Structures are given as structure tokens and as C-alpha cells.
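These notes concern the structure reproduced below.
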Amino acid sequence: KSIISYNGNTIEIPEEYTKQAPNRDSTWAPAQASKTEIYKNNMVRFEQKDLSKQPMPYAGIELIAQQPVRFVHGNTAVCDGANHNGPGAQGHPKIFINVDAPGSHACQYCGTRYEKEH
Amino acid sequence: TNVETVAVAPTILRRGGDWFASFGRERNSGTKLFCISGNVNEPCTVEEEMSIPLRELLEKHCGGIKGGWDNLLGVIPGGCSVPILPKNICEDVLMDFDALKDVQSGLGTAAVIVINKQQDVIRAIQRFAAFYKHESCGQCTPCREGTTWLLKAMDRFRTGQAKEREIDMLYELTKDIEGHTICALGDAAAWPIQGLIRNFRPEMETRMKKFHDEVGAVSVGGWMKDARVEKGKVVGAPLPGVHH
Amino acid sequence: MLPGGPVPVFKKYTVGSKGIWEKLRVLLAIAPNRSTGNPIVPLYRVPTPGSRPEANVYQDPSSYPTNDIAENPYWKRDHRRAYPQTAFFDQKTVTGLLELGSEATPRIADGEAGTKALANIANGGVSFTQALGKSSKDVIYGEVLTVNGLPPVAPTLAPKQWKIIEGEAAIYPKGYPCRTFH
Ligand SMILES: Cc1cc2nc3c(=O)[nH]c(=O)nc-3n(C[C@@H](O)[C@@H](O)[C@H](O)COP(=O)(O)O)c2cc1C
Ligand code: SF4
Ligand SMILES: [Zn+2]
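Protein sequence lines, in the order shown, are assigned to chains A, B and C. The opening residue of the first sequence carries number 717 in my numbering; numbering runs sequentially from there. The opening residue of the second sequence carries number 17 in my numbering; numbering runs sequentially from there. The opening residue of the third sequence carries number -9 in my numbering; numbering runs sequentially from there.
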């Protein structure tokens, strides 16, 4: 990809590094800046640098959508993101999610989704 | 006004007031319709004079207690909104307002519910808890939340999935409702658990020992060592009362 | 010995010598008691802090009357909101305590008479020096000064009565210019 600069010139960046994450091309929030906007506004500090080695972590919006829906027998699903393999709490506060409505419903701390067995 | 309170009134005006005062003690005048129910031999509705003894009402106007007098566990003399009475009190108690208040109970709707020794009194009181949960209007905070809490705790005390100090906790829960309400349904929901805890505490402790022996130890709230939230549910222990 | 030393080497958790080298060290030492301060590796900081077994059984500690679930209202142990007020005494309030008395030793009339007697002090009716001149012997000697007529000393919350340790139980011997106070 070639990005047009504010002074009229071109900024050639490979496609691998214009992705917002390695597992997502686009942004996941309005106020989030695209990588093209980042380079277009900060290329003076990216110029002789290696984009191979910069931080490019995976996006959770796409990893939590891979996690399958959990199913419960009732109107309530209780979520506590506990480890179950080490001592202490190590999770988020205990939350009770209503699931009577038709679709799936996510926790507010983690994005684990629950349904009413249908 | 109650149906009875107006239905009698023409007879009190015709027959002359002092007649109606000829019955009962000084401040507990008149006749009263008594519905006797439960574990009595011939369940009945009768009309007797006030301040009648309870043993007389049960033996003379009903069949007595099913299995003999000393097979009696307790009597609820004023409906669900009144604390239970133990056998020691019912032998020489009079069915009036004043005396039944003198034994920390009340004459309510004059509905006598008799309980045998073969029965589970904790099931009776937890069913009254479920009743007051279903019948709460849902307006003010303590009845709203506390009827549910009382039922959740009594469902566990039925099976013994609790501790011995949680009885005192439950008493404090009833006191969180017993005067902080708009209407008297909260008091009516607090009083029977108080009566149970006052007269039938070792039965509760025995049920909890039975659970500790037959199932396993327990923590505050009915939790066990293995109880965990696994996949949207509590899996490692019993959950009393959940039917949805 | 005394309760605080000396102590042998083999009771000190430090790595020492073995064999002929210990027999030499105890020959060539100013104090064979003394240790080479290398911790014993099998015993010191082993098991490591991140591999302790006590973490799996550790639970949050408590004390009984505060952890109780039944007879433990917070307002009976809310000591922050039961904080002591700061008392302030201007000269008006102390001539009231002097001209009149106190709730422990009242010297005030009854009814509205004492009320406006107080009110005469709340406003500048009688002054502090006037009240001191007008004050009897038994007022001053007992409510300003002590019963014996002496002034009160700068009070001490926890009085500490010192004792000097001398001789063998002291830190330094007799010659040295530092002493030991219990
Ligand atoms: C939850 C609740 C339920 C009541 N239900 C009745 C009832 O079912 N029938 C009745 O006549 N009185 C009932 N009462 C009593 C009063 O609502 C009202 O009837 C009043 O006490 C009547 O006055 P009276 O006894 O002089 O006739 C109830 C009170 C409460 C708090
Ligand atoms: S106490 Fe009475 S008013 Fe309050 S929620 Fe219960 S039924 Fe409604
Ligand atoms: Zn969650």
C-alpha cells in the first residue's frame, strides 16, 4: 500500500503493517486511528525503522468471537473468569447475565456469551 | 372492614351489645369463627366463644390431634402471619388476642393449623417464606429483597446446607424487615421464621449435622470446597430451591 | 553465659569449614565463634517465594468480633465517626468555669437566674481577671492550682522511670563512655 502524505508525496508501507492487527484489518472503535493515519502523521519517526519488530498484538474482538457460546438451563448465567488451576481469585467480579431474550448475551468484563439452550 | 366484622353487627345491634360482651374475657369479647386445619383428625370450621382454650377447641370441635395429643409438634393459631406455638404452651393457652400476644404470637384470622411430629416443620416455614415471596407486591426494598433472601436461606436449612451461626444471621435478616416496611406483609414474613428459631432450633442444628455427615462440609451461603463456577453455572454442590 | 551471647558456630546458619581446615580455622581465628556469612544454600530462601505450598491454603485472616455475621453492627465499631472533638476554650468560657462552676462542681443558681448569669459571661459582663481576683482560696487551690497550692506539671501520658544497667549485663564494659539505660 502507498499512502499519500500531507506534503503530496507517497509513503510506501507493506500490506502486513497496514493491518490494525495481524488478525484484523479494520478498526474496532470510532476514535481508533488507522495504521494509515498513524504512518501518514508520524512517518518522520518510522523512516529508517523496522516495522517487523514493532508491537503488533492480536485483537481480542476477533479472538472472543471464536469462542463458542455457552448454554444454561435457566434465566441466569453466572460468570467469574476464574483460573481453577492456581490459588486466589484471578478473575473478574462475579456477574449474573440474564439470558431470557432470544439471542446470546455477553459478560461485561469478558465477552463470553450465553444462551438459554435454544 | 372484614366480612365477619360487618356480618355480625346487625345481630349485635338487635340482640343488644351486652349480650356480645357476655362472652370472652374483658377486652376480648364475642364469638369467633375458627377454621381448624392440617393434622387434626376431622378438619372443621366452627364458631366458639372467645378465650376458649386451644386444647378444648381441638378436642371437642374437631377430632383431636391425629395420633394423640403428645404427638403434637406445634400449632399456628392465627394463620401464616403468626409464629408457631410449641406443645408446652398450647396445653393451657386461651384463644384470644391478649393471651396469644402474651406468648409472643397473635390471634389473626382464627385459623388453627396443626402440625404432627411426623411432619417437617422447616418445610412448613419455608413454604410460608415462598408464599410471602410470591405475594410481595414488589414496592419497598426490604420485603422485595428479603423475602427472596429468607426463602434462599430456608431452602438450605431444610437440607442442612448451612452453618449454625446462619440461624442468628437469619434472625437479623427478619429484623431487617420487621419495621422498615410500608405494609405489614414484611412483619408477617419475618414472624414465622422467628417462631421457628425460637422453638425449633435443635431440629435445624440436627438437619445441619445430618448434612455435614451425609454429604460434606459447608461454608457460609451453602458453598462447599469443590463448588465452582465452571461454564455458566455452579456445578460442585447442590443448589436448593432452583426450579425456574 | 548471659541471655545474649556468645553462641557457637554450629548453631549459626552459615557455611563454614570441614576437616583439617576447621581445625586450622579454630587455631588461627581471633574468635572461633565467628562465622563466614554465606547462607546455607539448602536452607536459606528454599523453597523459593514463588513455589511455597502455603499459598494454596492461605486464606484472608480475621478476628472474631469483627468477622461475625450476626451480632456485629458496624455502628458499634465505627471508631472514625466516634472521633473526639477538639475542645476550644477562649477566656470567656474559662471565667464561666471560674465565676460559676462546672458540671462536676456547680456553683450556679437555679432556673432563669443562672441562665442569665451565664449570659452575663457569654457577653463581656465579668472579665477573667475580675473572676480571678474574686475567686476564693478553695477555688484556686483545687481548680486552678493543686490542693497543695502547687502548680500542675507538664503531664505525661505514659511515665517512663529509667533504670541504669551496670557491670556484666551492660552493653560496653566499665571503661567506655557509653552507658545502658533500660
Ligand atoms: C398482607 C395483609 C393481608 C390482609 N388480608 C386480609 C384478608 O385477606 N381479609 C381481611 O378481611 N383482612 C385482611 N387484612 C387486614 C387489613 O387489611 C384490613 O382488613 C383491616 O385489618 C380490617 O379491619 P377490621 O378487622 O376491623 O375489620 C390483611 C392485612 C395484610 C397486611
Ligand atoms: S412490605 Fe408490603 S408494600 Fe413493601 S414490598 Fe412487601 S407487600 Fe409491597
Ligand atoms: Zn465474565
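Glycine is no exception: its CB is placed at the ideal position from the N, C-alpha and C atoms.
Item	Value
Touch test, the region 191 to 207 of chain B against the region -8 to 1 of chain C, Cβ-Cβ under 8 Å, three pairs minimum	no
Cβ neighbours of residue 2 of chain B in the same chain (closer than 7 Å, five flanking residues each side left out)	Outside the displayed span of chain B (17 to 260) sits residue 2 of chain B, for which this structure offers no information.
Proximity test, B/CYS106 beta-carbon vs ligand 2 heavy atom, cut-off 7 Å	no
Beta-carbon proximity of B/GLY80 to B/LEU74, cut-off 8 Å	yes
Closer than 7 Å: B/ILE213 CB and nearest ligand 2 heavy atom	no
Reference B/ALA145; option with closest CA among B/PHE113, B/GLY211 and B/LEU88	B/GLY211
Helix, strand or coil at A/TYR722 [DSSP, three-state]	coil
Members of the region 221 to 255 of chain B that neighbour chain A once the beta carbon cut-off is set at 9 Å	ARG244, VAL245, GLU246, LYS247, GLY248, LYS249 and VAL250
Distance CB(A/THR828)-CB(A/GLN783) smaller than 8 Å	yes
Length of the line joining the Cα atoms of A/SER718 and A/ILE727	5 Å
Strand pairing of A/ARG786, partner residues [DSSP]	A/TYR830
Sheet register partners of B/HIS259 (DSSP bridge)	Paired residue(s): none; B/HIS259 is not in a bridge.
Neighbourhood of B/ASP171 by C-beta, 7 Å cutoff - its chain only, sequence neighbours within 5 removed	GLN142, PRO256 and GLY257
Cβ of B/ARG143 within 8 Å of any chain C Cβ	no
Exposure label - A/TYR830; buried when at least 16 CB within 10 Å	buried
Residue range of the beta strand (DSSP E) that includes B/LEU49	47 to 54
The region 127 to 155 of chain B: positions lying closer than 7 Å to chain A by Cβ	none
Cβ-Cβ distance between B/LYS179 and B/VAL236 below 8 Å	yes
Beta-carbon proximity of B/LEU49 to B/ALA115, cut-off 8 Å	no
Element boundaries [alpha helix (DSSP H), containing B/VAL128]	Taken as a continuous stretch (DSSP letters only), B/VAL128 belongs to no alpha helix (DSSP H), being part of the beta strand (DSSP E) at 127 to 132.
Any non-hydrogen atom of ligand 3 within 7 Å of A/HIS808 CB	yes
Chain-ordered chain A contacts of B/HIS260 [CB-CB under 7 Å]	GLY790 and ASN791
Other residues of its chain near residue 176 of chain C: CB distance less than 8 Å, five sequence neighbours each side excluded	For residue 176 of chain C there is no data in the structure shown, the boundaries of chain C being -9 and 172.
B/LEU201 beta carbon near ligand 1 (any heavy atom closer than 7 Å)	yes
Helix, strand or coil at C/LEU17 [DSSP, three-state]	coil
Buried versus exposed, by CB contacts within 10 Å (16 or more), C/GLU89	buried
Chain C contact for B/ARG181 (CB, 8 Å cutoff)	yes
Contacts that A/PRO803 makes with chain C (C-beta to C-beta distance below 9 Å)	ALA45, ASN46, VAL47 and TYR48
Check: residue 873 of chain A C-beta below 7 Å from any heavy atom of ligand 3	The structure shown has nothing for residue 873 of chain A, since chain A only spans 717 to 834.
C/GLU61: contacting residues in chain B (beta-carbon distance under 9 Å)	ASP184 and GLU188
Contained beta strand (DSSP E) runs [length at least 3] in the region 170 to 227 of chain B, N- to C-terminal order	none
Own chain, CB closer than 6 Å to B/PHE113, minus 5 neighbours either side, in chain order	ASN44 and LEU123
B/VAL128 CB to nearest heavy atom of ligand 1 below 7 Å	no
C/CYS168 classed as buried or exposed, judged by whether at least 16 other C-beta atoms fall within 10 angstroms	exposed
Assigned secondary structure, B/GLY95 (DSSP; H/G/I helix, E/B strand, else coil)	strand
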